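One structure is given below, encoded as C-alpha cells.
Nothing in this text is a laboratory measurement; each read-out follows from the coordinates by a stated rule. Positions of Cβ are generated from backbone atoms using ideal geometry, with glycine treated the same way; all protein chains shown enter the neighbour counts.
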Amino acid sequence: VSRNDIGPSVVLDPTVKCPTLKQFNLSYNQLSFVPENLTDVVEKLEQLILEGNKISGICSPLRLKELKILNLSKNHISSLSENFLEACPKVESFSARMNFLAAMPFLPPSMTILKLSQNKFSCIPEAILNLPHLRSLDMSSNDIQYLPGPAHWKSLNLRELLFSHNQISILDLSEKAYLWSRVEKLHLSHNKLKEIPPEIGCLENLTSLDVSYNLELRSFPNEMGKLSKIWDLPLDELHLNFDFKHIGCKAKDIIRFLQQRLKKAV
C-alpha cells in the first residue's frame, strides 16, 4: 500500500498477529512517524519500506528480528537513536537518502549495501568504517572532507564506493592499496581532487572509474594503464595532458595509451 494518503500515524492493532507478512511497503504515504507496533504484529517481516513519507522524529529501537531491507529515503530525518538498529541482526540493505542526517547509530555487522546519498554529512562516521561485511556504499552529494585510506575500512569486500559531489581534497592510497583490489566502482566526480595517486593501479578490478568535473586534475598517472577492466571513464569538464575525444578515446584506449607510456615515454 504505497502511494495512498495515509494519515500521520499508522498504528497497527497490537492484538493481531500476522507472522506471514514478508514485505510491508508503505512508501510515499503521509506518515509522520514510523508505524507503531511492527514487533508485536509482523514478527517475520523482511522488507520494511517507508520512503517518500514525512518521518521526522528520532526513531524507536524498532525491535524487528528478521529485517533484511530497511528503507527511509526522502523523509525529513534529523538523527537516529544510538540504539536504532541495535535489535535487527539481519539487516542487509539499509538506505536513507535525501534526509538531513549527520551521524550513524550502531550499524549491525551484517550490512552489505548501504546508501546515504543527498544527506548532510561531514565525515564518513566511524560506525561505517567498522562494518566487517560492507559491500557497497553510496555517499554522494554530502559535504565530506576526508575520504579515509584503505587501511581504515576493516572490510575486504568493498565493491562500490560512490562519492560524487562531495568536497574531497586528497585520494590517499599510499598507506595500503591492495585492500581495495576488489573495488569495481570508484565515483569521485564533482570533487575538489588535485591529483590521482599512482597507487590507483593496485585496484586491478576497477571496472568503472569516474573522476570527471574536477577542474583541478591536469594529469592521469601512467600507472592507470594497469586497470585492464575499465570500460567507462568520463572525461567531462577536465583538461588532461593529451587531446582526447576525436571520434575515439572511448575510455578503453586511454588505458592502453596510458599503458604504453609506462613501457617508455619520450
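Which one of the conditions (1) more than 16 Å from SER95 (Cβ to Cβ); (2) part of a loop (DSSP other than H, G, I, E, B) does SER141 fail to meet, given that it meets all the rest? Here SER141 meets the rest and fails (1). Does any residue of region 114-125 turn out to be more than 14 Å from the chain's Cα centre (by Cα), over 21 Å from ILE69 (Cα atoms) and of a type in the set (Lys, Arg)? Within region 114-125, not a single residue is more than 14 Å from the chain's Cα centre (by Cα), over 21 Å from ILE69 (Cα atoms) and of a type in the set (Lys, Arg).
Yes or no, residue by residue, for (1) out of contact with any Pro (no Cβ under 9 Å at 6 or more places or on another chain); (2) of a type outside the set (A, V, I, L, M); (3) more than 20 Å from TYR213 (Cα to Cα):
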site: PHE84; (1), (2), (3): no, yes, yes
site: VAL91; (1), (2), (3): no, no, yes
site: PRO108; (1), (2), (3): no, yes, yes
site: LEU114; (1), (2), (3): yes, no, yes
site: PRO132; (1), (2), (3): no, yes, yes
site: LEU147; (1), (2), (3): yes, no, no
site: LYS154; (1), (2), (3): no, yes, yes
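Every residue, every condition in (1) of a type outside the set (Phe, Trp, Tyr); (2) under 24 Å from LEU137 (Cβ atoms); (3) more than 16 Å from the chain's Cα centre (by Cα), yes or no:
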residue	(1), (2), (3)
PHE163	no, yes, no
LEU173	yes, yes, yes
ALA177	yes, yes, yes
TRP180	no, yes, no
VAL183	yes, yes, no
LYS194	yes, yes, yes
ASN205	yes, yes, yes
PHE244	no, no, yes
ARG256	yes, no, yes
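Looking at region 247-261, can you tell me whether even one residue there is part of a loop (DSSP other than H, G, I, E, B) and exposed (fewer than 12 other Cβ atoms within 10 Å of the Cβ)? Within region 247-261, one or more residues are part of a loop (DSSP other than H, G, I, E, B) and exposed (fewer than 12 other Cβ atoms within 10 Å of the Cβ). Note on region 236-266: residues that are free of Cβ contacts under 8 Å to residues at least 24 places away in the same chain and touching a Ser or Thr at 6+ places or on another chain (Cβ under 6 Å) total 1.
None of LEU209, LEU235, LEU215, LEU240 is within 29 Å of the chain's Cα centre (by Cα), in a strand (DSSP E or B) and not polar (S, T, N, Q) except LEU209.
Given the structure, is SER189 among the hydroxyl-bearing types (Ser, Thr, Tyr) and surrounded by fewer than 20 Cβ atoms within 10 Å (Cβ to Cβ)? Criteria not met by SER189.
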